[PDB]
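We count ligands from 1, going down the list as the structure has it; atoms in each ligand are counted the same way. Scope of the values below: all heavy atoms of this structure, side chains included, with no hydrogens, waters or symmetry mates. Chain naming here is simple, since letters A, B, ... match the order of the sequence lines and numbering starts at 1 in each.
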Amino acid sequence: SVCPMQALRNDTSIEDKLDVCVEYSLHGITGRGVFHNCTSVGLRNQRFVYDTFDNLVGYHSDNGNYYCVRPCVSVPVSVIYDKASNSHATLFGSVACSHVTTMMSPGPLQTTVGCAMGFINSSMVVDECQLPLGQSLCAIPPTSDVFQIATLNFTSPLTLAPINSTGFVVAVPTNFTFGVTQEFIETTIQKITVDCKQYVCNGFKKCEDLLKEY
Amino acid sequence: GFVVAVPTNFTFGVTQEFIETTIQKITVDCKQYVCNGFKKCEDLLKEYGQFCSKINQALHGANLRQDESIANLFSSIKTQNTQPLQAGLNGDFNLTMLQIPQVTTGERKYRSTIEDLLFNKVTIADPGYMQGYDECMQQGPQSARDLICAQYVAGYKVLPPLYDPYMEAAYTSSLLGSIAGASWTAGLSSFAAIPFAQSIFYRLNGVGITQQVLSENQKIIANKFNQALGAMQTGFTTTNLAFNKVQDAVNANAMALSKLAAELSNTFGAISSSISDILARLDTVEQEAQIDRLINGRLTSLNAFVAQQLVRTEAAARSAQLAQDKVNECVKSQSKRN
Amino acid sequence: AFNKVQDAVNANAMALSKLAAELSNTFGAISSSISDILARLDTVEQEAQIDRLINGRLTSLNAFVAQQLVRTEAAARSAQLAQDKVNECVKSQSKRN
Amino acid sequence: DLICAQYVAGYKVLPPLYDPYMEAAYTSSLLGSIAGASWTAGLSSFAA
Amino acid sequence: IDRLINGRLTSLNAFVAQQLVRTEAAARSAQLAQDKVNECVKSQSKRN
Amino acid sequence: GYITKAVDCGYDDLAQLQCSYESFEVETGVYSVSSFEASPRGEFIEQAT
Amino acid sequence: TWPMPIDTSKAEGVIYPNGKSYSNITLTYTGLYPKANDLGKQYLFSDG
Ligand SMILES: *[C@@H]1O[C@H](CO)[C@@H](O[C@@H]2O[C@H](CO)[C@@H](O)[C@H](O)[C@H]2NC(C)=O)[C@H](O)[C@H]1NC(C)=O
Ligand SMILES: *[C@@H]1O[C@H](CO)[C@@H](O[C@@H]2O[C@H](CO)[C@@H](O)[C@H](O)[C@H]2NC(C)=O)[C@H](O)[C@H]1NC(C)=O
Ligand SMILES: *[C@@H]1O[C@H](CO)[C@@H](O[C@@H]2O[C@H](CO)[C@@H](O)[C@H](O)[C@H]2NC(C)=O)[C@H](O)[C@H]1NC(C)=O
Ligand SMILES: *[C@@H]1O[C@H](CO)[C@@H](O)[C@H](O)[C@H]1NC(C)=O
Ligand SMILES: *[C@@H]1O[C@H](CO)[C@@H](O)[C@H](O)[C@H]1NC(C)=O
Ligand SMILES: *[C@@H]1O[C@H](CO)[C@@H](O)[C@H](O)[C@H]1NC(C)=O
Ligand SMILES: *[C@@H]1O[C@H](CO)[C@@H](O)[C@H](O)[C@H]1NC(C)=O
Ligand SMILES: *[C@@H]1O[C@H](CO)[C@@H](O)[C@H](O)[C@H]1NC(C)=O
């Protein structure tokens, strides 16, 4: 690079601050990202490695090591809210609970969809859910002190087995009720017309004279 | 009289069909998608926060409607009726391809053999629902396992499906066990437990084959059935329409995420698509007019993505209703529709 | 079925909400109000400021028209499904399980 | 009534997969499949 | 010139998005047309 | 015209959901909220002689 | 008088981009390059 002398800062190291978001100034190239020690790819005299979008993806360092470079990333967060109890809980999706404790600034519970906060392990089994978490997990609101994790699980009820004879077995009803299934079919939407000149210019003759072109 | 061409020899043939029931569920962190960190972009973006809210609310509503549709499809397990099938052959009909392999090892398999054959012919990127963030933090050669790490950089999230593989396996075992018997007669209220072979021979008797023909040709019919069932993996090629529809669905899911990630390299007429280079090369007055181009272009791109996902969700919910009709009229009964 | 009724009502109302909210989009100008632009700038800056609002609002009205077409064609398909249900479930006894 | 705007604007209308002879073959197959064609329970015989 | 470029590219994106929706709708009604051929032309339907 | 109640939007994740919906009352459900920000810490700098 | 045309399948006579490197990818690049299958001009030298 070519640099003015007033922009020269001294020097630092990366080996004590790996896998965090830092700022970098590497031989004139500046930016922001996450550095990870890696196995060497690309040509080491060109010193920088790019991708097809011309973003920096790797760096051959003066200390002899190659580093993979990523942009700065973020943990995804989900809030579980129940209006009747006015209660909430948290899920960090795709995060293992051993890493929530390090970047932290009932305990954290690992689930198949991530690390849950404010939940207790339970053995409850339901077949109907109003707060589904995915992968057959269901959140049960307090009425306890915290939300519970239960599983959606059900199977087919009665298994009549064939008899070893010359006839067969049939289950014939001896009592009944009438059930009602309800159903809704849409036939229509609401019909809208738009006044285009009123929507764009709102009165105002100077906008309308500019809008005559359109 | 008249002349009629009556069969003297036959085979069994298999038609294959694919029906889509679901798309991949996406949420977007709008502020991180538009401003990528960078407080000065966010200070400019505070004038547009009401438009960032509408995107999140529209996607929330679409994902909720898909969850309701899929729970209504799976509703029929809790009430059906079921007959237990033999492992291996049932009479002389061999059903091994459609059954889950009972293994003595330490793994609980949930797929049948023909399902494993179908799943080994499609390529799907693994979203990593449990610990995908920590596995994307230690990449190196990123294309070793097919992960979606663009989630955590660009600012979107793939949501897991409502049911786990155990429950889907339970649904298709319910469908398989509801085939023999299952309201033998007029109504739908009785459940007769007649075995599988007798059920097949009554279905053949009802289409024009008399009991003399069925008694004289028992092993021949069973051998032709086993021979047709043994050749179903031949249909898993790109000349077959159903296999092309399976691959078409996988590609539409991949195409939505590619088109999301690529719009972060549009300059929209700025000097760069990177916010850091704009902040390093211009002064404050020029910075503002350069960054608001990227803000307005990215917000318009998110609006187009939301409008695409709404129409895809509505299409998938109509075809889930069609799949329910197919299960009720072809798997669980004999249709009178030619 | 009740959730579907409420969904159709919310879809009609959300279309009108998204129509009205776009008139407060500045589209990168100093204001969403034309009155304020005409009060704070001279003619050469007024033209470049009003052209942003014009181009933004025309693009928004195009997106609205594209969404109404899709919704109208979907409603016309489900009216055909409704006629099938009236003919086969209410007016006779179907043989479709 | 030619679409000459194809060659100015930069788009191409593509031809359909079948020519009119094949479409006439389809609807003549349909007209000839009406009389008879398994007037009984199943679908596998053909009465003329 | 970059105003025209960004505008015309956004317009082409809208054209592509409308073409995908019309192609999917025509594919659904081709399946409906097949059902009408099979149940009304080639047979005698028992559906009121 | 008086202010009867407030919510600090940066206090926790439910406050941030209530601020994004612009409402003190929200429905039952599961919601994705805005992620945990990076805020970069250090500096790498390397250069030549 | 051996003809020696340019073979782009071996990337003959290609200038590498300056200041950077790529690894295990495929992209397009605008620059100054020789034509494919260009014979060029031959220069034959001899002792006196
Ligand atoms: C069918 O089920 C109904 C409902 O349980 C039975 O009606 C009950 O009859 C007993 C004795 O007659 C009464 O004590 C209950 O109060 C009735 N229940 C209700 C809800 O009214 C009926 O007896 C059953 N019939 C048969 C033949 O099983
Ligand atoms: C019906 O067709 C099958 C198939 O051609 C006939 O099976 C063949 O039988 C001959 C002699 O029995 C064998 O050599 C062939 O190998 C068989 N073919 C196959 C594919 O297995 C069968 O014989 C025919 N039935 C009648 C009554 O003619
Ligand atoms: C029922 O069908 C299965 C699958 O077609 C048969 O299993 C195959 O048997 C052959 C040789 O016996 C092996 O080469 C295959 O690897 C087997 N496949 C599987 C999935 O096990 C099975 O033998 C048939 N049953 C009977 C009784 O013949
Ligand atoms: C970084 O990686 C290189 C090669 O992969 C290795 O030699 C070096 O020891 C690593 N650094 C540390 C601190 O382990
Ligand atoms: C939750 O409970 C199950 C069984 O009840 C157990 O296998 C699992 O380890 C528990 N998990 C935690 C985090 O306590
Ligand atoms: C669901 O219940 C059945 C009952 O036996 C059990 O075997 C199965 O493991 C359960 N599945 C889950 C995911 O809890
Ligand atoms: C029928 O099966 C049972 C097994 O439960 C067996 O005890 C009985 O002997 C069988 N009947 C005949 C005729 O083999
Ligand atoms: C290079 O890319 C290809 C993709 O076609 C991949 O299969 C291969 O493993 C990559 N090589 C290395 C060393 O990562």
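Of the listed residues (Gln227(B), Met97(B), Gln233(B)), the one carrying the non-hydrogen atom nearest atom 5 (O) of ligand 3 is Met97(B). Looking at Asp92(B), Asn94(B), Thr96(B), it is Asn94(B) that brings a heavy atom closest to atom 2 (O) of ligand 3.
Of the protein's heavy atoms, none falls inside 4.0 Å of atom 13 (C) of ligand 3. Taking a distance limit of 4.0 Å, we find that atom 22 (C) of ligand 3 is approached by some protein heavy atom. Per-atom contact check: atom 17 (C) of ligand 3 does not touch the protein, criterion being a heavy-atom distance below 4.0 Å. Taking a distance limit of 4.0 Å, we find that atom 25 (N) of ligand 3 is approached by some protein heavy atom. There is no protein heavy atom less than 4.0 angstrom from atom 10 (C) of ligand 3.
The proximity of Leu89(B) to ligand 3, defined as any non-hydrogen pair under 4.0 Å, is limited to the side chain.
There is a side-chain donor-acceptor pair under 3.5 Å between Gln66(B) and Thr22(B).
Relative to the ring axis of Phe10(B), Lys224(B) places its NZ or CZ within 45° and under 6.0 Å from the centre. Stacking of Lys78(B) on the aromatic ring of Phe154(A) is recorded, both the 6.0 Å distance cut-off and the 45° axial limit being met.
For the pair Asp164(B) and ligand 6, the shortest N or O to N or O distance does not fall below 3.5 Å.
Residues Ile114(B) and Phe236(B) form a side-chain contact, since some pair of their non-hydrogen atoms from C-beta on lies under 4.5 Å apart.
Counting protein heavy atoms only, atom 14 (O) of ligand 7 is closest to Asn164(A) ND2, 4.1 Å.
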